[PDB]
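Next up: just one chain, as structure tokens, the form deposited in one PDB entry.
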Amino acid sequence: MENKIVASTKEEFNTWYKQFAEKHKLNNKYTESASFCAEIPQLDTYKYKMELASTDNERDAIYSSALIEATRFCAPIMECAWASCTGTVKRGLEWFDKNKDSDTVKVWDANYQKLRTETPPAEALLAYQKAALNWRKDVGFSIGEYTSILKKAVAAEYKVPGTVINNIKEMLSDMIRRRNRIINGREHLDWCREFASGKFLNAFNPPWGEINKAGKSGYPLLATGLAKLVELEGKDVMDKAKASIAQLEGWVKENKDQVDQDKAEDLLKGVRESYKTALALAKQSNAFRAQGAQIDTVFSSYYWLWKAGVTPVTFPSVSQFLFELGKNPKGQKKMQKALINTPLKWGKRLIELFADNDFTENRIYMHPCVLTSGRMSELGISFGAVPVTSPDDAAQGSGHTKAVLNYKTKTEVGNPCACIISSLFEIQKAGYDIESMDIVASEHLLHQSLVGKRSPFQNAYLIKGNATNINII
């Protein structure tokens, strides 16, 4: 049981990877990172087999067989190997020994048993999301685009082929409808947007009346207005609002001779109260509670290993387990038996972290540290695409759902990412009742693809904008 991907620095890993890549002839023709993808799999045969299937096990077998076929050869071999390497493994686990007692980790880890049943508070999500960015900085996880924090804007348009466009619009429409269920004075929004975007002198002339006028709810209209702008455009609006209010202070002190200093101070104290009231409403809202529960794949992966008592000695058994798991068409219930039956100790402890039975609320709200049967794909993509005890076996191929994000987005090669996502959705709706399911995996794959997530190992919590507002073309 030796981890054969030996590399304790960025430079030592590159010497391993270039040696591995030129051996196996890794192909970046159809994928974003270099992979074993020599062709785009045509999955329509599974959609038609699914139409004819009668029992639930057959549909599970057809659906998993479709996912294996789709994903087995197209894993990001650079980023997978980087996550699984001896350096990243030792540093990644030991961070939790170093950081468990801090504010950003303890709020969710010490309450793990509570979060298995209950939905988390808003600050526990913010704690998690800070700790994830701390983990990436302290370990030094970024070695390029596909392992970095994304700080980009959401794109205005998303370019899909003509053969799939109709089904992509049905998925997005269902995502819009799902966004509306979790959620549940017209020029005010346009004025509040103008103010936040930089026109700070608007605050002297609020169209409703005084700057701190309360609406029907009893909350300031500037707070309500900024809070609704968070739900429509994203939490980037509150960063812009704080930048505008700073300029308002700068102008009032630059031009004290033009103003009544009492009413200027009553204005600035009023705007700061409405800003904090807008933060309180945004965190309290369901739109944030879903957004904040976004899993950082590799961070939560390493958290679950540390929670199950895994060390650098026992890591290769986990990597080897996840590799073999992604080869056979395995239903989620069969995997639970495999973790029970395996004599290794982590196998038992990892099954006890599952929260499949006892979570009554909507699963989108579940805190992203809690493991489930579906979230084993987060571990599978992290450590399972390349087995560390025998790296060459990767050429066989190990299917993981998060390997679909490695497919290209470019119309030059027919946009294989959108075609696989579209085809997988047709397979799911044919076999399973879609609106009964809380999270549909193909809709979750599309949501990441829309916001510009090109790899499972990227963090994308700090993306400016919404996937909901995008146009399909």
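What we label the rigid core is the largest C-alpha set whose atoms superpose within 1.5 Å from one form to the other. Start at 1 with the first residue shown and count on from there.
From this point on, the text means the form deposited in another entry, which you will not see here.
Out of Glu157, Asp260, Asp97, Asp190, I need the residue that shifts by 2 angstroms or more at the Cα between the shown form and the other one, core superposed.
Comparing the C-alpha positions, the one residue that moves 2 Å or more is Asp260.
Quick check on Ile245: with the core superposed, does its CA move 2 angstroms or more between the shown form and the other one?
The answer is yes; the displacement is at least 2 Å.
After the core is matched up, is the C-alpha of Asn212 off by 2 Å or more between the shown form and the other one?
Shift at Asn212: 2 Å or more after core fit.
Using a rigid core alignment, state whether the CA of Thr311 is displaced by 2 Å or more between the shown form and the other one.
Result for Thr311: no, shift under 2 Å.
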